[PDB]
Amino acid sequence: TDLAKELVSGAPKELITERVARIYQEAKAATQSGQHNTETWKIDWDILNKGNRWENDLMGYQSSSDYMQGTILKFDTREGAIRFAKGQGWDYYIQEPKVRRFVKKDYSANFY
Amino acid sequence: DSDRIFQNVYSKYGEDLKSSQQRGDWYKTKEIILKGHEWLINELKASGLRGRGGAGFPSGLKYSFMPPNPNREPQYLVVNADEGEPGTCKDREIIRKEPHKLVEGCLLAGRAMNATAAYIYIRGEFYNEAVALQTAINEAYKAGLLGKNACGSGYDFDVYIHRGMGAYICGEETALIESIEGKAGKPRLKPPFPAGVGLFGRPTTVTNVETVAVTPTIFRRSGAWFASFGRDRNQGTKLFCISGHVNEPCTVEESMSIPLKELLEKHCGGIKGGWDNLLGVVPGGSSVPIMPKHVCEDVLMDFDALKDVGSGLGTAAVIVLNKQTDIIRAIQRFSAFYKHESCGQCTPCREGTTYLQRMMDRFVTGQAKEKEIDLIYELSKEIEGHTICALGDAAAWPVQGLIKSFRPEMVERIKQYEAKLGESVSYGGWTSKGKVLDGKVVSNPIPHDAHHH
Amino acid sequence: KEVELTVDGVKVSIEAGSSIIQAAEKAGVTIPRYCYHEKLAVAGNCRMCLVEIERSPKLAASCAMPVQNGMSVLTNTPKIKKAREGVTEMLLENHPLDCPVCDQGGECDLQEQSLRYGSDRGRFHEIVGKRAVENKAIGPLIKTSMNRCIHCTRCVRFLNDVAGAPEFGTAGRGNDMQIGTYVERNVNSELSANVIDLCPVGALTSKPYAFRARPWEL
Amino acid sequence: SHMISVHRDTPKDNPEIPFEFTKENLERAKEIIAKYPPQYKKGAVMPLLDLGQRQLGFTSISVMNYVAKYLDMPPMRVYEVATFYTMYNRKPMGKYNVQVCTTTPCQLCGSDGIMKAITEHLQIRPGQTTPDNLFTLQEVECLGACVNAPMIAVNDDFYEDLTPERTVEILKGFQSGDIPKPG
Amino acid sequence: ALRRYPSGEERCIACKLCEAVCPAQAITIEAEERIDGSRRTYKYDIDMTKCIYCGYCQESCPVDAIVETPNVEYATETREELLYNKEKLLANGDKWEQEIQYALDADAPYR
Amino acid sequence: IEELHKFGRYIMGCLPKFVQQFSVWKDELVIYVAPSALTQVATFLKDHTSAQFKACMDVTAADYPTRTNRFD
Ligand SMILES: Cc1cc2nc3c(=O)[nH]c(=O)nc-3n(C[C@H](O)[C@H](O)[C@H](O)COP(=O)(O)O)c2cc1C
Ligand code: SF4
Ligand code: SF4
Ligand code: SF4
Ligand code: SF4
Ligand code: SF4
Ligand code: FES
Ligand code: FES
Ligand SMILES: [K+]
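See the structure below:
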């Protein structure tokens, strides 16, 4: 836990001093009634304020310089995500998932 | 067997109030009302009366579910006075020929159910019956038989007439309430039940005309006499609407458990063309499946004897089919009926009835394959038991009845149809040359049977 | 007021009067649904949520059947698997083959639930064809392709109860029943566009967003 | 029947055409409402629509809006009721609505012949209207008069136990101006 | 190549199936409502230096809009010429339509 | 499946000190051991007459960042 495992991972120093990762649980999509994607905790990185995306003039391609733009880690528990982020010495913040309040729902309430 | 419940079934005694009293309709009305619902419920239970609307449910048992009404809260009673079902001609005659008999039954039944009002739901096609029934109701109001003082008794009771505008689905009890409340008239899901939450959010009971009209006699001639007719637990008399391939169709008031063969031969002449010319019989109504000739030879009119043979005694609507008839087209007509009469809220019957109608159209001409007989049978299974109301079940039995006992006759059409076309037909009615060009399917016989229009 | 019921051998406890589909979610059991939404009134017009009550000869719709104490609910028996395939086949009987040109493609509940619970093959070869429904015009925000509707009444329930706009309803009877406003008019509501999210199929879609993207790209 | 769930504005049927119950129907409508509890007055839509239909001739869009305003209800709620029931004619229709039952009990006793004879006499296919706006042929489901299976309906009147030669006489009576004996 | 209907209308409805299947992610598609309201693409790029010539886009196409011609003799002096846009792919479809019809008439039954 | 269950149980019985658990999937048997037990279990599975696994066909790893020990 306290071990600074980033000294041996080989990742560049910019992951620690310049990038911010978000630990979050995916919110339920408003267009679908499934909840499978909300059962896992994920880690992604905030975009670079400049150079995240720019248009290549030759073909209109989406050019980028962020090498972490397409990396999304998967975790089964919130504690596991925190332990891994702490182990790598990342600057992170946790977005607590919104919980749906339970309200009783019955067919009789359509008239009463 | 004379001295039945109904005596004016032939329009020979008048449709007035006085003749009804001379017929015994309004007799001892004060005493019966003051006997309390405890005795009325027990008599109905002890008379073995069962629901005449099609379900066949104990009338006495379904009246006790109504909660007591000590504070005179507005409970309701609804009379299912619309027919809807093809081949049924019972409710029309009771409303027309004996309008005052039903009105007397509503008050006596209402007293048992603790009902403060009665709503009669009659078809829009029965305008003459509704006008005649309204005339009887208004006379009973002036005579004091209806209102806040029912023949001196303190039981206040009102009667109203609500007219539908044409819907077979409105015959169902929950859909009937929706029509009265001013909605489309789609059946409700069973919980909460109409006994607890019904018309206007009040306790309610929905009963057939043939069930309410028998109540006055049961309260007078005792439940023992009514229970004497029929076999065990099928106790009572029944009005039978007989029509089709018969000599002289009519409506008779025989008793339960009477053999089908004797009933069609004792009166109504006989089968048109003799007994050897009988192809099939559809009792109860269009909902129940058909029965073949040999089965009908020993069929007793009961909610159980007809249940055993694979059929149902819904409304005693007996439809006779001689051998010189199109049996598949007759069943196809039933499928087209339920497609048009489907209210269309649940997925199964909104789609299944259309699915059955499309497949039955190719069967009547033979533009299908023999394996598709099992396909349409499977599609009917996907409808039963997956619907809010029973119209989905009622739309699958006629097709299954055709398959069960008349499958070889359906195969004959397919074999005959291939002779004319030469090459065999593929699934769905497609040939080896049929293709779509410029907005239409060409080079293929299309079954144009969707009522054209 | 809690009642201890059973869903596929799992103990559940919820408030009295809760629907079975609510107790199943609390127990971790997933039941397919089209017409049920946890913010709208209870409807039972889609029949996709059918479950088998332990001691009862009838299949109950879990979104409308109230919970009882001691009730044992089975949701994965072969009888229910038959019901899910049968209801799926009815839904896709008249549905147009529009997935490539339909904006709900990658986020369609009809696609995913037909894949998960329906059969892999269809049996509709009828030469008469499917039902065809004209497209209603209800303004510049909501794009209508009414061939794709499965008659689930999510839009009707939302616009009448939540949004408070009673100009949207169901007109017709049977297979000819059509969702819309009957007359030629628009939907006047500041929350009308939420009908696009609630519509599980491509019948109601965003008009500005039409054709411009697929959900897996975003 | 002819089931259309969409209204299209026409000079004959459009919301601009004013409609209002006559002073005779204004009073009779009030009795209808009195047959329902005051807090459930919305249950009187069905009788009010038929009251307007008989007065005007058919269930126009002006009648549906008039009933909606009369009962303090959204117009769409009245639209749902009018389009769900087949006896609400959402088109001008003729003087006499010819309703021929084609169900199995009526089909056995030769209801097909009844339809054939009428089609070649009035020269209008089912669902059409005679040029003089006098007749209207309509295919209808069971009407309950199945014991007398060869049965037809004209407006509000039934006609049972018919033959192809008898149906022409009934049409001839209405064409001439004489009411045939119903039975 | 991008193919047309016999009336000249483009077959592709910008359904973006080929872009999703493409193992090398060699296809870039941008789409919107056409001027007349049709669902059409206005940008269809294929990186021939990135494609692995695997046929997944042809298999996934619901309208047979994107196909692979039997052509192989199109080596180019510069790598820029191997960046096909919609104009290049549509021109290829017009140029090679007859040869594509040969292959389709013999291979479609096996698909 | 049944034969591998019996053989997998025989290894745990022979090495209760090292074999944490075993699993069987169709025709594949997996033995789960601690890092301090790898040498002993591999030596047993190589030299025992009933289990002569002389060939080590593959050595690989998989990353599971969720767990305290990332790699299997
Ligand atoms: C689709 C459908 C149509 C029905 N039509 C009628 C009808 O026309 N007359 C009737 O008495 N019951 C009809 N029923 C049955 C009623 O729902 C109910 O069983 C009956 O009205 C109760 O009255 P009872 O106690 O006399 O049986 C119908 C049921 C269904 C599903
Ligand atoms: S089964 Fe058919 S008729 Fe009955 S409620 Fe459902 S959709 Fe309506
Ligand atoms: S709504 Fe779903 S199933 Fe229907 S066409 Fe669109 S993506 Fe396909
Ligand atoms: S349009 Fe969409 S939301 Fe409305 S009933 Fe149809 S499927 Fe449901
Ligand atoms: S053939 Fe080329 S462009 Fe097509 S899917 Fe395969 S790699 Fe992508
Ligand atoms: S798969 Fe075919 S139709 Fe779909 S986007 Fe690609 S080329 Fe267009
Ligand atoms: S989700 Fe329960 S019937 Fe639709
Ligand atoms: S079947 Fe024609 S009136 Fe009943
Ligand atoms: K949608």
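Protein chains in written order, with the authors' numbering: chain Q, 35 to 146; chain F, 21 to 473; chain G, 25 to 242; chain E, 27 to 209; chain I, 112 to 222; chain C, 74 to 145.
The beta-carbon is built from N, C-alpha and C at its ideal position, and this holds for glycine as well.
Residues of chain Q with CB closer than 7 angstroms to the CB of residue i, please, in chain order.
{"i": "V217 (chain F)", "result": "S142, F145, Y146"}
{"i": "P94 (chain F)", "result": "Ordered by position in chain Q, no residue passes the 7 angstroms Cβ test against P94 (chain F), which lies about 16 angstroms from the chain."}
Locate the alpha helix (DSSP H) running through residue i, then write down its first and last residues.
{"i": "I157 (chain F)", "result": "147-162"}
{"i": "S39 (chain F)", "result": "37-43"}
{"i": "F117 (chain C)", "result": "111-120"}
{"i": "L128 (chain F)", "result": "119-133"}
{"i": "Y127 (chain Q)", "result": "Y127 (chain Q) -> not in any alpha helix (DSSP H); beta strand (DSSP E) instead, spanning 125-129."}
{"i": "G372 (chain F)", "result": "367-385"}
{"i": "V107 (chain E)", "result": "101-110"}
{"i": "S425 (chain F)", "result": "417-441"}
{"i": "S96 (chain G)", "result": "Careful: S96 (chain G) lies outside any alpha helix (DSSP H), inside the beta strand (DSSP E) at 96-98."}
Can you list the residues of chain Q that residue i reaches, using a CB-CB cut of under 8 angstroms?
{"i": "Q46 (chain G)", "result": "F136, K138, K139"}
When we look at the beta-carbon of residue i and count the other beta-carbons within 10 Å, is it buried (16 or more) or exposed?
{"i": "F161 (chain E)", "result": "buried"}
{"i": "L37 (chain Q)", "result": "exposed"}
{"i": "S79 (chain F)", "result": "buried"}
{"i": "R190 (chain I)", "result": "exposed"}
{"i": "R114 (chain I)", "result": "buried"}
Output the boundary residues of the beta strand (DSSP E) element that contains residue i.
{"i": "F323 (chain F)", "result": "Here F323 (chain F) belongs to no beta strand (DSSP E), and DSSP marks it neither H nor E."}
{"i": "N100 (chain F)", "result": "96-100"}
{"i": "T152 (chain I)", "result": "150-158"}
{"i": "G204 (chain G)", "result": "202-204"}
{"i": "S230 (chain G)", "result": "228-230"}
{"i": "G56 (chain F)", "result": "Per DSSP, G56 (chain F) belongs to no beta strand (DSSP E); it is in the alpha helix (DSSP H), 56-66."}
{"i": "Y139 (chain F)", "result": "137-142"}
When the Cα of residue i is compared with those of the options, which residue comes out closest?
{"i": "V99 (chain F)", "options": "F:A138, F:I347, F:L128", "result": "F:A138"}
{"i": "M95 (chain G)", "options": "G:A84, G:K105, G:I104, G:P102", "result": "G:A84"}
{"i": "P303 (chain F)", "options": "F:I393, F:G294, F:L259, F:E230", "result": "F:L259"}
{"i": "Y147 (chain F)", "options": "F:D176, F:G130, F:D102, F:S242", "result": "F:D102"}
{"i": "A215 (chain F)", "options": "F:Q95, F:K389, F:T367", "result": "F:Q95"}
{"i": "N89 (chain F)", "options": "F:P211, F:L395, F:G56", "result": "F:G56"}
{"i": "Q352 (chain F)", "options": "F:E443, F:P428, F:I423", "result": "F:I423"}
{"i": "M430 (chain F)", "options": "F:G294, F:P312, F:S307, F:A388", "result": "F:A388"}
{"i": "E130 (chain Q)", "options": "Q:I77, Q:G44, Q:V137, Q:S98", "result": "Q:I77"}
{"i": "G68 (chain G)", "options": "F:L209, F:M276, F:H182", "result": "F:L209"}
How would you list, in chain order, the residues of chain C whose beta-carbon sits under 9 angstroms from the beta-carbon of residue i?
{"i": "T111 (chain Q)", "result": "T139"}
By the criterion of Cβ-Cβ separation under 8 angstroms, what are the contact partners of residue i in chain G?
{"i": "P418 (chain F)", "result": "Neighbours of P418 (chain F) on chain G: none; closest Cβ ~17 angstroms, over 8 angstroms."}
Could you name the residues of chain I that residue i contacts, counting a contact when the two beta carbons are closer than 7 angstroms?
{"i": "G94 (chain Q)", "result": "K154"}
Determine the chain Q residues that contact residue i at a beta-carbon separation under 9 angstroms, and present them in chain order.
{"i": "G221 (chain F)", "result": "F145, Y146"}
Quick one: list the residues of chain E neighbouring residue i, beta-carbon separation under 8 angstroms, in chain order.
{"i": "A107 (chain G)", "result": "The contacting residues do not exist; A107 (chain G) stays about 28 angstroms from chain E at best."}
{"i": "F192 (chain G)", "result": "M102"}
Would you mind telling me which residues of chain E sit closer than 7 angstroms to residue i, beta carbon to beta carbon, in chain order?
{"i": "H471 (chain F)", "result": "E165"}
{"i": "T168 (chain G)", "result": "By Cβ distance, chain E contributes nothing, its closest Cβ being about 12 angstroms from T168 (chain G), past 7 angstroms."}
Cβ closer than 9 angstroms: which chain G residues qualify as neighbours of residue i?
{"i": "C363 (chain F)", "result": "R197, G198, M201"}
Under 7 angstroms between beta-carbons, which chain C residues line up against residue i? List them in chain order, please.
{"i": "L107 (chain Q)", "result": "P138"}
Which chain F residues sit within Cβ distance under 8 angstroms of residue i?
{"i": "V111 (chain G)", "result": "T367, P368, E402, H406"}
{"i": "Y92 (chain E)", "result": "Per Cβ cutoff of 8 angstroms: no residues; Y92 (chain E) is ~16 angstroms from chain F at best."}
Give me the pocket residues for ligand 3, defined as CB within less than 6 angstroms of any heavy atom, sorted by chain position. Result: G:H119, G:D122, G:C123, G:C126, G:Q128, G:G129, G:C132, G:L134, G:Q135, G:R172, G:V225, G:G226.
Give me the pocket residues for ligand 5, defined as CB within less than 7 angstroms of any heavy atom, sorted by chain position. I:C129, I:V132, I:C133, I:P134, I:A135, I:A137, I:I138, I:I157, I:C162, I:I163, I:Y164, I:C165, I:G166, I:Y167, I:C168, I:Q169, I:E179
Tell me which residues pass a beta-carbon proximity test against ligand 2: closer than 6 angstroms to any heavy atom, given in chain order. F:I189, F:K206, F:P207, F:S362, F:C363, F:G364, F:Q365, F:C366, F:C369, F:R370, F:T407, F:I408, F:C409, F:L411, F:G412
Can you tell me which residues fall inside 5 angstroms of ligand 8, judged by beta-carbon distance to its nearest heavy atom, and keep chain order? F:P106, E:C127, E:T129, E:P131, E:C132, E:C168, E:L169, E:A171, E:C172
Near ligand 7, which residues have their beta-carbon closer than 7 angstroms to a heavy atom? The set of residues whose C-beta lies within less than 7 angstroms of a heavy atom of ligand 7 reads, in chain order, G:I45, G:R57, G:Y58, G:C59, G:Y60, G:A67, G:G68, G:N69, G:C70, G:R71, G:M72, G:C73, G:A85, G:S86, G:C87, G:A88.
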